[PDB]
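A.B. asks: part one of the complex, left exactly where it sits:
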Amino acid sequence: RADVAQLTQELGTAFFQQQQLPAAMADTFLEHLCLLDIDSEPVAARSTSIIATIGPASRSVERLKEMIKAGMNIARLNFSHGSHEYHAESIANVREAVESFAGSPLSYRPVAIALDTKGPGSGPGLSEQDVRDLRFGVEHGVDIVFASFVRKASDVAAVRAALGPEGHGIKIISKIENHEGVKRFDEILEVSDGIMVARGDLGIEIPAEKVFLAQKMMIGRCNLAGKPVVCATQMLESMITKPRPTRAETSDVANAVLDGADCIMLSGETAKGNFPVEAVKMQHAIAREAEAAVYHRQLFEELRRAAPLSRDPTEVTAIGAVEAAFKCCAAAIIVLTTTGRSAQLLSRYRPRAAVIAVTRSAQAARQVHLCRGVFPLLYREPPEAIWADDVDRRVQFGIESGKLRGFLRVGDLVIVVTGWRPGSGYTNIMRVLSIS
């Protein structure tokens, strides 16, 4: 207790009874489980992003507005079904629903658009349909590609080549769907931006009883590499027909978050099901509960022990900022980022504190949804004449959005992460600030 006694006197016992903080303070994983409390309410914003597949049940602008409000962060377009005209209309509807909230930039929630490819089929690699669909993606400015049936590093290179010179900024998330993809995982992760554990095909390609081993291994390896990992397929399957999920489905969603997944996905549940909005709301409710149940004490210790020494100032600042956030129970870590990289490096240490990422790049704001606990804020103001004042205005924008979004209150401590000069790659500063 002496390690939390002064902070308990200052913040109160009510603060320390919420968000599974009694379980967080435990000295062993066993004691942590024993202290999990159904009466300990989650307080933090939901950190695991929700990917919802867009289809006939979730295509209308009106329905998409409800889905964004329910918690959808990434809209998935499954190119296994529908024409280019159909998907272009889905993209337009998503963009219309997203831009309907651009009224106030303080609450504007960016939504990424992901293109999920049909796949190689009987072919040994990049199909002609995938080449056409990937070209459509670049032309329509998609943020992410979920590349189907990635079996080796050369499959990812073929996807990158098909995106051409104009699609260099698009994130490639390799879908691991068969035995070869699992066995060649390391070479695939090395050349990918992230991974999707595509359990539908994986569960038919390898014995169904082995899928959890592949899922846990891939999530662990992605967490170690600091690259986003998506858990997908049949997470809330029964909700395609019923308004409430089974006990196995709620458990699966909670366990994907506890495993370390950055994102969780909905397929038939939102694309064609009877309750698309309810499915998004259910993933949101479970992820909030499960994130608070993460045993950060061991996770942070293990991420530090396993991660190699780094001479990169962004990485060095990120670990210092996460350590500082844990020391004071910081409400948030506000970070300025051009590409999303500084926010991704904070996310890899899994802080309890929300990572509020302030960026001018609309694409980076959408793409950072791939990183757990990163809350993107799109800054729209033109640059100030003095650079230091432009940095300060962006930090204040993060604070004001954080106050109005519920993340921050007067009296809270926040960690602010910035760099010494303009441009990407120069993050090197960490500040402890009292919110006024």
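C.D. replies: Looks like it came in fine. Numbers count the residues shown, from 1 in each chain, chains lettered A, B, ... in the order given.
A.B. asks: contacts, neighbours, all on C-alpha from now
C.D. replies: OK.
A.B. asks: got the phi/psi numbers for residue A:25?
C.D. replies: phi -80, psi -10 (degrees, to the nearest 10).
A.B. asks: name the helices or strands packed onto the strand or helix carrying residue A:32?
C.D. replies: Secondary structure from DSSP states H and E places residue A:32 in helix A:29-34. Judged by 3 or more Cα pairs under 8 Å, 6 or more residues apart in numbering; DSSP states H and E, the packing partners of helix A:29-34 are helix A:21-24.
A.B. asks: which strands and helices sit next to the helix it packs on?
C.D. replies: helix A:29-34.
A.B. asks: please save the CA atoms from the following helix or strand past the helix it packs on in PDB.
C.D. replies: Under the assignment DSSP H and E, the closest C-terminal helix or strand after helix A:29-34 is strand A:49-53. Provided in PDB are the C-alpha atoms of strand A:49-53 (Å, rounded to 0.1, in the frame of the first residue of the first chain):
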ATOM      1  CA  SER A  49     -10.400   0.300 -32.600                       C
ATOM      2  CA  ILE A  50     -13.500  -1.300 -34.200                       C
ATOM      3  CA  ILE A  51     -13.400  -2.300 -37.800                       C
ATOM      4  CA  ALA A  52     -16.900  -2.700 -39.300                       C
ATOM      5  CA  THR A  53     -17.500  -4.300 -42.700                       C
END
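A.B. asks: here's chain B, add it to the model above:
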Amino acid sequence: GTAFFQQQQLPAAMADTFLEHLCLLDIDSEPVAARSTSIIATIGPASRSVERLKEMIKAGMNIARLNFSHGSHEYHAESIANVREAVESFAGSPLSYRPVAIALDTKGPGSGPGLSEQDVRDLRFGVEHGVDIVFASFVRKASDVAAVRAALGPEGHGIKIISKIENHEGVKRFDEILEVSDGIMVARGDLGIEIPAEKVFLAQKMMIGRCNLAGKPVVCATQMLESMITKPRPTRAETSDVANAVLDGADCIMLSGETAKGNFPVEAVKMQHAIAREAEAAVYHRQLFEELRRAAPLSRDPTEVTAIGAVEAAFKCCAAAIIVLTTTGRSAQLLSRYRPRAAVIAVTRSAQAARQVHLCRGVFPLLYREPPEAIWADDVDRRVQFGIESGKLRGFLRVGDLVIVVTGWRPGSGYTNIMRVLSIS
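C.D. replies: Placed with the earlier chains, chain B looks like this:
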């Protein structure tokens, strides 16, 4: 030789952190050990046939659950007769005979504040028909367990009482309930309606952790393979749920509609068996054993002291099994609480203890039928040899394997105090 350290997730077992353990999990590393998490199958119209029950026993069913929320006493007496006929059909080959427990799951208190009159009648029927376990519905406080125990009367003292936690009050009063119960059931069906659905996993993980700390059996129940009531293969969420219940530390996993009324009762049992085997090999024993040891208090009880020594010895040599002689099952339960990787082969003359020890993870009961040898030390050795011969026939043991043998210094329950390292010949 060399292939041995490739199997049963041994590369992941040797890892220095839980994160690296996860990174080393291999879909090609085949499980070798026998499946340690017991399977409880609910009996109903889909699974009452004596011939279908024989297939369920072969598939891996260890405990037959009788749900007294449906059917009369006449119905449940027929279910018991059918289970006993199917189980006893294998008694002609003692080396492969698998005991099967019979559990009575009560209707519950309804709108009442405690033990119902129907529950009193059902509990007496349970004693009269010799059931091994009671799964007491809606246990909300310690007095509910005392009322169940009193309704079982003087003749039902040996029946195990597994308290079902199904509502907010049961979760909040968990410690006082566990203290007076033989074990717990995380009854997720009612729990998921009584508390928010998104909070059930917290209740399940807490209860399993607390039962593991207390060394008392814990059952994970309801909708684990729900889609298998009508489909031949489960969903990805269902296989994950079964695997995670085992990784959480559940001693038993259960099937309800999947075996009582569904079209795939045998396949549901086979699926739980296949998943549990994979998940048990994926347990990070290095941390689990260390934490169970650190949390367990010092003990002056020789059975408890021998059990921790035997489990430590089994991990040191990668023992294929710990062979234990037991009258009540207690010596096997105390070995099970330290979660050894080695199968705990429990040799007993008590048909009831043989059935009840299925509640304890990794305990493989063998019912010894022979009358005692005149020389007690020779009778103990004959039982150890029966454990070895059964283990060999069932694939648990081979010549060259090391086994830990746990026995006592005198006849009768409560005197376990010896651990021996034996090479299988």
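A.B. asks: can you check what packs on helix A:29-34 again with chain B included?
C.D. replies: For helix A:29-34, the elements it packs on are helix A:21-24, helix B:200-214, helix B:285-295, judged by 3 or more Cα pairs under 8 Å, 6 or more residues apart in numbering or on different chains; DSSP states H and E.
A.B. asks: residues in contact with it?
C.D. replies: Contacts of helix A:29-34 from elsewhere in the structure, counted by Cα atoms under 8 Å, 6 or more residues apart in numbering or on different chains, are A:22-26, A:295, A:298, B:205-207, B:209-210, B:213, B:288, B:291-292.
A.B. asks: cool, and stretch A:308-320?
C.D. replies: By Cα under 8 Å, 6+ apart, stretch A:308-320 touches A:342, A:345-346, A:349, A:417, A:425-430.
A.B. asks: show me which residues of the stretch 151-300 of chain A sit near chain B.
C.D. replies: With the criterion set to Cα under 8 Å from any Cα of the partner chain, the stretch 151-300 of chain A comes near chain B through A:199-200, A:203, A:208-214, A:216-218, A:220-221, A:224, A:233-237, A:246-252, A:254-255, A:282, A:285-286, A:289, A:293, A:299.
A.B. asks: got a PyMOL select line for the buried ones in the residues you listed?
C.D. replies: This is how PyMOL selects the buried members of those, with burial counted by 16 or more other Cα atoms under 10 Å in any protein chain shown:
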select buried, chain A and resi 199+200+203+208+209+210+211+212+213+214+216+217+218+220+221+224+233+234+235+236+237+246+247+248+249+250+251+252+254+255+282+285+286+289+293+299
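A.B. asks: append chain C to the structure above:
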Amino acid sequence: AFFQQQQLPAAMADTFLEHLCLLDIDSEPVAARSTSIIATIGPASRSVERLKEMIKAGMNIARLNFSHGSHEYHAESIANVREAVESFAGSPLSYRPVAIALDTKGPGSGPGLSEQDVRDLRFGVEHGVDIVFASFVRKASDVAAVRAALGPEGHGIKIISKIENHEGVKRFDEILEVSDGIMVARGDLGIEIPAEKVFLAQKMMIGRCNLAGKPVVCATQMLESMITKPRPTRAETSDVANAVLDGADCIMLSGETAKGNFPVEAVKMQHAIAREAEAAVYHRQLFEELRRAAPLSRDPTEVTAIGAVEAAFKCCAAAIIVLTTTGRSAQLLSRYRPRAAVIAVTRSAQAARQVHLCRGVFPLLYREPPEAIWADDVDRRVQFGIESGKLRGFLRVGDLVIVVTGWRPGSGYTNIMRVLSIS
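C.D. replies: With chain C now in place:
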């Protein structure tokens, strides 16, 4: 080559046992010596010429034992120490501050702070001593009497309570609470309690001081045989190494420097052993345990300190440069025992002297002209830390350093940590 030195193979070990197995006599220490050396000034070490050699050998704190000698004698010792210290002031990038500590005679027959101690404490204030080593502290009220005897002009003097008997050990927690630090005074402790129990008292007190983040001094008979012999015994080198491994902030020399035949050699020996022992510290366990035990805090200096030490370990930072007025920001970094040297840039001459009490804090006294813009003044003090660090061998071009500063002037506002590449 980098990873072969300063016991880095042993530092990477997964257990304390494997760390011991990987210790290498060929792995040379590269970091500057972090444990301060306290040398007792007496007939063998009073000359200005001798004191210059002692400062060069590694003496950081000059102890005046008021159990012997008059006020006139000690005033002359103080003047000689100050003359020797100030003779190196011509090179500001290499100047080493040296603290002056007054070790009291003690209560004797007990009851009441001695009238001799009242006079000696007033002498200390008048002569501007940095530290008081208060003899035979048995309870919190003894520290209060020492503080009261220092008066209004002595508020800034650090009180290091000497634990010398059973009562002091038993009432340790209440003593530490009101003291700036502790001295494990093994001479009297070894006569007051059984000789074979002193190591238990030493290890307990060092552990509790490390937990509290307060300085702890190991003292007496560390290199005893060096009073008459040019080389110490095997037990003496082991004792010095083990005091550093136990977690002592300072190590002391008494008769070895006050009256011995080899005072300079004794200082050189403590310096050589301490540097080897500091590299042999198993930081992986020490940092984790200190981090887990240090309470959660909303004080920005405490929050910045742990973030800075974590960042330093992540990049193998050559140093943590910190700006400090009172020494507090450097003390809060020192409590986490970084491998990186804590270079404390200060304008206060007294704070520069007193921070030698905290392990791994290298004080630099800032004497460069002031800048008109506060932001430029801070930057120049940071560049001074870099320049002094380069000259002294702490830093080289290409090294990474962690820089710790505040958002406004004055003490108590440290809240910034920056990762900086040298040149």
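A.B. asks: what packs on helix A:21-24 again please, chain C included this time.
C.D. replies: Going by 3+ Cα pairs under 8 Å, 6+ apart, helix A:21-24 lies up against helix A:29-34.
A.B. asks: tell me, how many residues neighbour the residue nearest to residue A:138 when sequence neighbours are not counted?
C.D. replies: Spatial nearest neighbour of residue A:138, excluding adjacent residues (Cα to Cα, 6 or more residues apart in numbering or on different chains): residue A:167 at 5.5 Å. Residue A:167 has 20 neighbours, counted by other Cα atoms under 10 Å in any protein chain shown.
A.B. asks: surely residue A:167 touches residue A:140?
C.D. replies: No. Using Cα atoms under 8 Å, residue A:167 is not in contact with residue A:140, being 10.5 Å away.
A.B. asks: buried residues in the helix holding residue A:32, which are they?
C.D. replies: A:29-34.
A.B. asks: that one and chain C in contact?
C.D. replies: No. Helix A:29-34 does not reach chain C (Cα under 8 Å from any Cα); its nearest approach is 15.5 Å.
A.B. asks: in the sheet, who's paired with residue A:374?
C.D. replies: Beta-bridge pairing for residue A:374 (DSSP bridges): residue A:355.
A.B. asks: hang on, isn't it packed against residue A:341?
C.D. replies: No. Judged on Cα under 8 Å, residue A:374 makes no contact with residue A:341 at a distance of 11.0 Å.
A.B. asks: burial check on the closest residue to residue A:59 other than its chain neighbours, number of neighbours?
C.D. replies: What sits nearest to residue A:59 in space, not counting adjacent residues and going by Cα to Cα, 6+ apart, is residue A:90, at 5.9 Å. Neighbour count for residue A:90, taken as other Cα under 10 Å: 23.
A.B. asks: since that was my last question, I'll sign off now.
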